[PDB]
């Protein structure tokens, strides 16, 4: 519960459409964005801001199983990207398929 809130690494619950169903204290902190904002943004905006189609294909793959991990570049509200690595797990949110991701800032 208020648990994940205690992990230093960034954590996100993402739905099949790329929407953030959850994020913890760390994502806003490291990205400059706000919990209010993040909860309304699309994951592709933070990651494939330039390559929407590219990112969508990958997201689709993360939902299949093809990959469990991948490197990322997180553009902050500031504009500058921070390199990172994402570890993802499949789970369910409200009985609908979602991705559980624990991301490490490199």
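Positions refer to the first chain, counted from 1.
- Taking the PDB entry as given, 78-86 carries the higher mean Cα B factor of the two stretches 92-100 and 78-86.
- Judged by mean Cα B factor in the deposited record, 23-31 ranks above the other of 23-31 and 57-65.
- Sort the chain's modelled residues by C-alpha temperature factor and residue 52 lands in the middle third, per the entry.
- Annotation for residue 44: C-alpha temperature factor in the lowest third relative to the rest of the modelled chain, per the entry.
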